[PDB]
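Accompanying notes for the structure given below.
Each value in this text was obtained by applying a stated rule to the coordinates, not by laboratory testing. Please note: Cβ atoms are built from the backbone with ideal geometry, for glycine as well, and neighbour counts cover all protein chains shown.
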Amino acid sequence: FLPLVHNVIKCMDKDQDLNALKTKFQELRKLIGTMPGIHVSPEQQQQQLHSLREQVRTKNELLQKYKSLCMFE
Amino acid sequence: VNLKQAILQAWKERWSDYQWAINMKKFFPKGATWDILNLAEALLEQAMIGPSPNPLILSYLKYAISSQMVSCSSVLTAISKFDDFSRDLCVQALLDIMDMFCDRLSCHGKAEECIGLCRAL
Amino acid sequence: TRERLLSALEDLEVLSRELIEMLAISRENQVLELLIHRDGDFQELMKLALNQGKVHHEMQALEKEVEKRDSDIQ
Amino acid sequence: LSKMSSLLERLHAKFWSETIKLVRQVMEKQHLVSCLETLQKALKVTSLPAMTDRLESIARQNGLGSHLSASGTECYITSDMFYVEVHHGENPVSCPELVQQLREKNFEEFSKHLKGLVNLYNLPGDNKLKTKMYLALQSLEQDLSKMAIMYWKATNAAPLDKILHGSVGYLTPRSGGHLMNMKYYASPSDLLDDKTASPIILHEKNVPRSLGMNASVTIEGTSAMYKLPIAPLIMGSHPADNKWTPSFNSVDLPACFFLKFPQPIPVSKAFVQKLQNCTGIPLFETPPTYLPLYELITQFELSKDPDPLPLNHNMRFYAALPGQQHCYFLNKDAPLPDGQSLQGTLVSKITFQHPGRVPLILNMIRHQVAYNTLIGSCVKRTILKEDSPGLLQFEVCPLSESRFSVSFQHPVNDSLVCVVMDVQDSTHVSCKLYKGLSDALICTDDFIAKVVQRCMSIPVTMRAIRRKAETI
């Protein structure tokens, strides 16, 4: 990324198409980042994950309590 | 007895040692009996001093020899068995103070007591 | 995140490349901030990958729980 | 104020998919200004060729003819700097002294000691003393270290009275990235716990300058053309315990023994008199700063912990005590029998000479430093005024040279209490006293004197006397 290209330029000009490859790598990284899906900050993502964890815990507790009260004939 | 702890507290703080006279006159009835004046301090202050000249306090004696009871100082520094102690350092300060003391002249006692002053001499 | 983190990383890379080109064509604080931003972008990308994995796991768990709850409800 | 000119308008004017023609068409065209290219070790991970390239760039910038067979390995062309970690002068050395310190993750002691030793070997000599005399002195400055190590090994009693105290012997290897060592300081105070030596690994009967405090002595000079040897001769084992320094032979060596004095400790005229009779003239030719020695030395020693806030103590040393608060003084501006004030030697002139008659040149300095430490102990960081209780102020009166005394009105008795505290030996100070025919018995026996000696602290000793002797 930044440090890789910087070190390459430093080691090359200390005394071919490196910029083309760097731009290609940056475009690939941008495409991979956009392919992920998470556009908004991970704050809301973590909030929704905590909410889903709470919901899963509630569902597990309900399923457990359902198998406890067994007083039928 | 209070005079000893008084002059201790005096030394205990870095007074100007000339404003010290104010505190001395205040702590005392100012004329009751000056036979308990700085006369004895020179002894007692040096008592525990021993092999040390104990500076920063002789300044009090210096600011006192201007006008004080020279007779008591004389007789007490005469009776002081300090050469027997053989400190060889304090005796030097004694010579220095006696220089300023006796070189010019003694003072008047306004009574026959001054004659006894001569005796101390 | 992923989008904002990748954008910040690309901007930091462009800034560092421009600064290196200017330094090479011509002859402290900005470099430190650039490195801090790059490290933050990398940490954010790692956190985004971890969060995507955890979100996939939680989605599978929620699907299983919803199927079990639907069977029990039926 | 803002940073909107970093990624908003820079990428559009950075002069893409067809904008990489800047390697052959636009190429028709730093030390401390442009550090981007210089700080290659920060943009990338610390590797072997990275630092090897940075060193080569710095050498080509400063000017130093050096090269190797290829890129990946290169030594240092000097007297003995040739060393591979992990013959035109000295022989091929492969000791750990230059391989142990840089074993796994060293990144600090690689660009300071080397440049320091390189700059040290500089003088008006042109191929006659810049290299010849430098290597001669570097070789000669090893027989003394060998003899010190042999004497330390011979003194197989304890590493407390012979290694630190008594004499020299707390030395380390003097080669390349490390000079000679010695226990100049005589710290009798431990850490925040017991004085456990050998922290995790230290067992070589050497005690290098890492465990606690120890000076760094070297041998360099520029105009000190003094008559002395030019090679190390005294290296053989003595008959039983040790031997003197037999020379021969003797030439005009243009160097000296300038050590690294950390703190400018004030010394006495006796030290200068002894130094002006060891190698001709004294070890310093400048105006003697005859200012208050103890006063300035205490402040210099305590200036380590001091923050940017001013002190303005003015001979005030209020501090704590075993169960209360107290005060202290320094008897400054008090003309002793010596006449003038104590002469000050607050300088870094540590330019000693060959190991001649210097068997006690450190013991006197050790005692002086210990007295200074005992004096300055009362004032390190304690700031507490208007203390109604206690405040047992006392003034350390250094009447005789290296002989102090403190008189205070101890509450044990209704009078003053003086005690002679003279530095007789280097670690065994004299704590005797002279009482009076008519005085209270607030003075303890030699037991309290030895306790104060073992304590080696002015306020601690004062509190002990006020507590142990009183006992009421």
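With the convex hull constructed from alpha-carbon coordinates only, chain B shows a mean projected area of 7.8 nm² over all directions. Along its first, second and third principal axes, ordered by size, the protein assembly as shown spans 126, 98, 60 Å in Cα coordinates.
Rounded, prolate or oblate: pick one for the range D:96-154, where a ≥ b ≥ c are the square roots of the eigenvalues of its C-alpha gyration tensor, a/c under 1.5 means rounded, and failing that, prolate if a/b is larger than b/c, else oblate. Judged from the Cα gyration tensor, the range D:96-154 comes out oblate (a/c at least 1.5, b/c at or above a/b). Expressed as a fraction of 2.2 N^0.38 Å, the value expected for a compact globular protein of N residues, the C-alpha radius of gyration of chain D is 1.26. The alpha carbon gyration tensor of the range D:142-296 gives principal lengths a ≥ b ≥ c with a/c of 1.5 or higher and a/b no greater than b/c, which makes the shape oblate. If you model chain A as an ellipsoid using its alpha carbon gyration tensor, with each semi-axis the square root of five times an eigenvalue, the axes come out at 56, 12, 11 Å, biggest first. Think of each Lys and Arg Cβ as +1 and each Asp and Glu Cβ as -1; about the Cα centre, that makes the dipole of the range D:392-446 roughly 60 debye. Computed from phi, the 3J(HN,Hα) profile of the range B:64-78 under the Karplus parametrisation 6.51, -1.76, 1.60 (θ = phi - 60°) reads 8, 5, 4, 8, 8, 7, 6, 5, 5, 4, 4, 5, 6, 6, 6 Hz, with x in place of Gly and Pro. Ranked from largest, the principal axis spans of the Cα set of the range D:44-191 equal 53, 42, 25 Å. Which net charge results for the neighbourhood of residue A:42, defined as the other residues with beta-carbon distances under 13 angstrom from its beta-carbon, given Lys and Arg at +1 and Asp and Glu at -1? Spelling it out: positives minus negatives among the neighbours equals 0.
In the protein assembly as shown, taking the dipole from charged Cβ atoms about the Cα centre, the farthest positive-side position among D:465, D:64, D:350 is held by D:64. Couplings 3J(HN,Hα) for the range A:50-66, derived from phi with the Karplus relation 6.51 cos²θ - 1.76 cosθ + 1.60 (θ = phi - 60°), are 5, 5, 5, 5, 5, 5, 5, 5, 5, 5, 5, 5, 5, 5, 6, 5, 5 Hz, where x marks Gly and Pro.
Among the residues of D:397-404, the average count of other protein chain beta-carbon atoms within 10 Å of the residue beta-carbon is 1. Distance between the pseudo-spin-label points of residue B:67 and residue B:79 (7 Å out from Cα toward the beta carbon): 2.8 nm. Here the range B:31-61 and the range D:398-448 have alpha carbon centers that stand 20 Å from each other.
Close amide H pairs (under 5 Å, H built 1.01 Å from N) link residue D:417 with D:408, D:409, D:410, residues at least 5 positions away or on another chain. Taking the centroid of alpha carbons for each part, the range B:78-109 and the range D:174-217 are 55 Å apart. Charge dipole (Cα centre; +1 on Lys/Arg Cβ, -1 on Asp/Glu Cβ; no other charges) of the protein assembly as shown amounts to roughly 340 debye.
Close amide H pairs (under 5 Å, H built 1.01 Å from N) link residue D:395 with D:329, D:407, residues at least 5 positions away or on another chain. In the range D:41-99, the ratio of gyration radius to Kirkwood radius, Rg to Rh, stands at 0.98 when only Cα atoms are counted. Which whole-number percent of Cα pairs in the range D:1-131 have a distance greater than 17 Å? That tail contains 74 percent of the Cα-Cα pairs. Simple rule: put +1 on each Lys or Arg Cβ and -1 on each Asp or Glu Cβ in chain B, find the dipole, and look at B:21, B:64, B:97; the Cα lying farthest toward the positive end is B:21. Calculated mean residue ellipticity at 222 nm for the protein assembly as shown: -12000 deg cm²/dmol, from DSSP H runs with n ≥ 4 weighted as -39500 (n - 2.57), summed, divided by the residue count and rounded to 500. Ranking D:300, D:123, D:429 by Cα position along the charge dipole of the protein assembly as shown, where only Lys, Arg, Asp and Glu carry charges on their C-beta atoms, puts D:123 farthest toward the positive end.
Applying a DSSP loop filter and a limit of 16 other Cβ atoms within 10 Å to the GluC sites (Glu not before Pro) in the range B:1-54 leaves B:13.
Comparing Cα centroids, the range D:328-393 and the range C:32-57 end up 58 angstrom apart.
Per-residue 3J(HN,Hα) values for the range D:112-122, derived from phi via the Karplus relation 6.51 cos²θ - 1.76 cosθ + 1.60 with θ = phi - 60°, read 10, 5, 5, 4, x, 5, 5, 5, 5, 7, 9 Hz in sequence order (x marks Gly and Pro).
The Kirkwood radius of the range B:1-71, taken over pairs of alpha-carbon atoms, gives through the Stokes-Einstein law at 4 °C and 1.567 mPa s a diffusion coefficient of 102 µm² s⁻¹.
Counting neighbouring Cβ atoms within 10 Å and putting the fewest first, the residues D:162, D:195 line up as D:195, D:162.
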